[PDB]
Amino acid sequence: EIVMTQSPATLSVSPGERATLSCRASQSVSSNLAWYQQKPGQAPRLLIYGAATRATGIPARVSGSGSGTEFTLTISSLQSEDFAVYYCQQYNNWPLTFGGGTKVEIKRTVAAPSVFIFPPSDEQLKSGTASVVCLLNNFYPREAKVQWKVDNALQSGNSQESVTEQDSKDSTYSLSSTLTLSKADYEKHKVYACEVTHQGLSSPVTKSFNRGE
Amino acid sequence: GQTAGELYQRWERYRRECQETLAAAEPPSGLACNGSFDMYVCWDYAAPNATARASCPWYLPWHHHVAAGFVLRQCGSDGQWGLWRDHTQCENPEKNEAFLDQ
Amino acid sequence: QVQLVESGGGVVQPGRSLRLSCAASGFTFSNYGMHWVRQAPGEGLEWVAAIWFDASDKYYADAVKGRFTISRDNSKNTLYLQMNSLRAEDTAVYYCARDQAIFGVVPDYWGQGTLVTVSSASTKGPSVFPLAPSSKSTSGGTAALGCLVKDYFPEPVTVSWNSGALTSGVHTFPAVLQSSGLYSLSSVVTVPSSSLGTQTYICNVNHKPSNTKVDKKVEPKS
């Protein structure tokens with residue numbers, strides 16, 4: 001198959017600025033290349049075909065260029081609707097292949113997260129399990145690291161993270177990390193701490209509670 | 001060495017030939033079905049109640065084996081094309097979807 | 001104008017078969033090729049298959065070679081995808097898409113997709129647990145609270161707050177797939193601390209596949 005590789009994985013652009021996206025084919029695809037846009041929760045959307053021909057309804061601010069193995073999608077001035085994921089796709093030969101995608105996000109100043117922690121509810125404990133939730137609210141950029149400790153024991157493999165889409169109100173992200181213990185294990189320990197490292201924090205932030213307090 | 005890019009490029013050239021051909025043709029005096037491209041073949045203007053015919057399109061990979069074939073479509077009495085289209089004369093001589101799926 | 005609606009999505013056990021269909025309207029179905037494209041949750045677009053306007057030829061991605069079969073019934077304006085020997089990594093939203101021409105080279109208009117879940121898990125409604133506001137969830141004059149929607153299958157669930165009356169600052173996180181094969185997610189919302197004594201906060205959870213509706217009140221703990 002013809003391997004399509006897009007760069008970068010994430011492009012941070014200020015509103016009204018130009019976004020320049022790159023797509024590379026592992027071998028020549030001539031001008032048989034298309035570009036697509038996809039918002040979360042929505043179906044993909046044809047933008048460019050023939051490497052440079054806009055589909056109907058595509059504004060002039062979207063332009064495509066390139067031939068052979070190197071292509072470029074350019075949106076000269078990003079509006080609110082332009083922040084999305086963009087895919088390239090070759091149709092030089094079957095099987096057709098898509099690039100991995102490039103996410104175009106809203107650039108803003110660095111914002112540190114607000115860190116909150118939630119012990120398990122008594123209702124869940126009576127069912128035999130204990131979920132501990134660490135919440136990171138309204139931060140930027142998206143990159144963040146969370147580490148769980150239970151009485152200074154590093155917890156590895158028993159937590160899962162989820163991240164929201166970027167909130168265009170303040171251009172921030174929110175993240176949840178959920179640590180799952182058994183009821184017996186939860187009641188054998190006292191100090192439950194999640195540690196957060198983020199570019200907006202001079203040093204890592206610890207948020208903890210002591211079981212019973 | 002048939003690629004998707006070449007076949008699509010040849011189809012696009014056929015479509016362009018159809019546009020130019022229809023643009024140069026003077027429309028007829030009375031009622032007639034309009035000359036049009038149906039994504040597959042170029043249709044000339046046709047008389048009402050007449051069966052239009054169109055040569056098998058040249059972009060087909062197997063066109064040399066169906067060069068003397070014709071696509072068929074009916075022009076309605078009111079000057080509107082019928083929906084039925086027969087391109088059996090333009091099919092690949094080795095057509096068999098059941099074994100293609102196998 | 002162009003309308004494509006997919007059908008036949010749902011839960012299938014590993015190794016079993018499933019067939020999707022797509023009904024087209026707003027254009028002459030017999031004049032266009034068609035495509036299938038899939039997208040795993042959180043992942044990118046992956047081409048699956050395409051077919052000529054008259055089914056003269058069919059094309060498949062390496063990942064599905066020997067297992068999937070694309071076909072069409074032009075008289076019923078329907079496209080099909082027959083999927084055999086399904087595996088867990090076949091879980092995805094499956095898109096129906098019209099070709100720009102007659103061969104299957106450029107999907108130019110897409111449907112909304114249908115979710116296919118390949119798993120041995122049993123259908124199950126979630127338990128809904130409160131994420132109570134406290135001093136550990138407070139910042140300034142606001143407090144964070146939410147609901148833990150745990151151990152359900154399959155996707156999706158929907159969460160609202162106060163029967164839809166509370167919508168700003170609501171973060172309903174994408175679900176995660178647990179090692180048990182059951183899903184779990186959390187929905188959180190930021191709220192003025194001064195309203196915690198009088199304003200009720202209830203998360204409305206609906207899990208249609210299991211016929212489970214739950215309203216869970218969330219309040220500060222004793």
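Atom set for the values below is all heavy atoms of this structure, side chains included, hydrogens, waters and symmetry mates excluded. Below, chains carry the letters A, B, ... as their sequence lines are ordered, and counting in each starts from 1.
- Residue A:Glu81 places its CD atom among more than 12 non-hydrogen atoms of other residues, nucleotides or ligands, all under 6.0 Å distant.
- Applying the disulfide bond (SG atoms under 2.5 Å apart) definition to pairs two or more places apart or across chains, those involving residues 73-102 of chain B are B:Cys33-B:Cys75, B:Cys56-B:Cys90.
- In this structure, A:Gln199 places its CD atom where only 12 or fewer heavy-atom neighbours from other residues, nucleotides or ligands lie under 6.0 Å away.
- Contacts between residues 1-22 of chain B and chain A, counted as heavy-atom pairs separated by less than 4.5 Å, involve B:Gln2, B:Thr3, B:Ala4, B:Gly5, B:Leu7, B:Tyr8.
- Residue B:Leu83 qualifies as open at atom CG: its count of foreign heavy atoms under 6.0 Å is 12 or below.
- For A:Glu70, the salt bridge (charged side-chain N to carboxylate O under 4.0 Å, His left out) criterion is met by A:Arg24, not counting sequence neighbours.
- Residues of residues 85-102 of chain A lying under 4.5 angstrom from chain B, judged on non-hydrogen atoms, are A:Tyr91, A:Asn92, A:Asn93, A:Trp94 in numerical order.
- Other residues, nucleotides and ligands contribute more than 12 heavy atoms inside 6.0 Å of the NZ atom of B:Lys95.
- For B:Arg53, the CZ atom is loosely surrounded, since the number of other residues' heavy atoms within 6.0 Å does not exceed 12.
- By the neighbour-count criterion of 12 heavy atoms within 6.0 Å, atom CZ of A:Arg18 is sparsely surrounded, having that number or fewer from other residues, nucleotides or ligands.
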